[PDB]
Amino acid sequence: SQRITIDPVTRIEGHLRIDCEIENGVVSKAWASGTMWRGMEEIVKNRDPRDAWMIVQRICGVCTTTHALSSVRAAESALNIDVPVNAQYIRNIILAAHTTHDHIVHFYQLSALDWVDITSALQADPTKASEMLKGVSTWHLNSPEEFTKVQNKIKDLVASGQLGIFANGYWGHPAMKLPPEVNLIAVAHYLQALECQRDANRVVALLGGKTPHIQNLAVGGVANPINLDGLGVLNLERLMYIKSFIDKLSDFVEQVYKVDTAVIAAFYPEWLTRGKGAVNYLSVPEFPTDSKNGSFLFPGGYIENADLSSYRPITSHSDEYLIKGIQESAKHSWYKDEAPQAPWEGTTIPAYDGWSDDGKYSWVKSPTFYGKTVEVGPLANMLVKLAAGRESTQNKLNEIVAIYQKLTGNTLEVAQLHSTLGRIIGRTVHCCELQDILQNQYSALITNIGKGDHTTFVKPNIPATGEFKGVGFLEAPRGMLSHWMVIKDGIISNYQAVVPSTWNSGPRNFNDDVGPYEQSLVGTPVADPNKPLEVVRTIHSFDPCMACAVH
């Protein structure tokens, strides 16, 4: 047996420490720890409700846009503001395009080097590699010639003796199972991914004013001035430019990312049998399309004990069942108040006392839904969509399964999605469905403008007396996000963010129950405790964001 620490966990956002007890070559118990705090909830307090979004957006630059949007939704919730439909279309395009960037970068730049060995890629035959993808992908950049160029870049890097970001990776590790050819395919796709994500963010920038950190929101709608006949504003030329980038995303997503997802699964089928983090799942509906903050394109819901058949739909961001269930505890966190707190009544009082296996060991709080631990994010989101009988989601999952079947002769059942690879698959499915969100919402915007509606902003009023509470929900790349704002005497008297990585990464809760990261690791085989690649594989599948988790 032995005790290991992985600190820092790299290829995530933010500062994470993972500890594991290993017994007979298998993780027996784990601790997840967010090791950096800023106090963003406290920084935003006592300000005008309208100012919050620009401050709390800086909770995270990876999931940029998300805290900005959640914040304005929270203020609009408190103040009872119906957002103009054009503002919703613009918000929706930004979120969808941002998430496209986010997911692509996660699969490639953050996750692939858990599964992919660059050294082995040097031994690949480029022609064989290309041949392997016939009848699997129609992507136009899988030639032997492309793969040779990529192989030569790796060769030159290794020859230089300066590996940089590739230095001291897990090359040759027993858990690395790809043949040289598939390693080379992945590295080529890793580099190609950087162009696709750049295009996604060009969409974001043209509506947001820049990215990272958009600057086009407002409590009341958006700052974009819609005027087809205006110089210097959002006219048909600017919209055409947006469209040109939207149209560049689909091919890579569908012909590379989606395909690679099935390929990794095909070579690592045991990873469909481990990395289960929870039996309960939550997601919120997303992409509202009416004039009353509703009519979502994506459904949300709650799954209990992995039973899709009896899930509870959530179709409104005002759903009292959702609102009333959410609490956070700091029993095993470095805060003072330990009992479960509803976020409108939340406190964030630092009480650092160092690490203790049985005491406090994280800056992350422990969220529960009606007292239960819950996994959020793409696995939750996909499972809820399947429970809703969403045809688009079943069809997209089926395409991934069809590729997997072509490669292995085996199928995938829903039971196998409750896993490290299931989680990765959920993210991929999301990325794919988001391309249709983009097309749908661009078309909706063009059509609505055509009917003469150029409205983008309703100026808020904020009563100078009274106490008003609002919650802004958002289905973020890493799962359900909620900002909770209390307004009293015209200013923010309390602000609490409950962030998706808080749900997943949070330490043992008030009843000492284990959260998703910690649970998912139990039973992880570790060939080499000095180089616990297998642990990082599972943790990465949750796409940790610790600036998010802790704020």
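The first residue of the sequence shown is number 1, and the count goes up from there.
- On average the C-alpha atoms of 308 to 316 have higher B-factors than those of the other stretch, with 308 to 316 and 429 to 437 being the two compared.
- The stretch 117 to 125 shows the higher mean C-alpha B-factor when 117 to 125 is compared against 459 to 467 in the entry.
- For the set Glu254, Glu413, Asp247, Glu475, the PDB entry assigns the largest Cα B-factor to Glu413.
- Per the PDB record, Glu391 has a higher Cα B-factor than any other of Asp102, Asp199, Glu391, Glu146.
- Placement of the Cα temperature factor of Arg537 within the chain: highest third of the modelled residues, per the deposited record.
- Per the deposited record, the Cα B-factor of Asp51 falls in the lowest third when ranked against the other modelled residues of its chain.
- Residue-level temperature factors show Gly172 in the highest third of its chain, judged at the C-alpha atom.
- When the modelled residues of the chain are ordered by C-alpha B-factor, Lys153 sits in the highest third.
- Among the modelled residues of the chain, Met36 sits in the middle third by CA temperature factor in this PDB entry.
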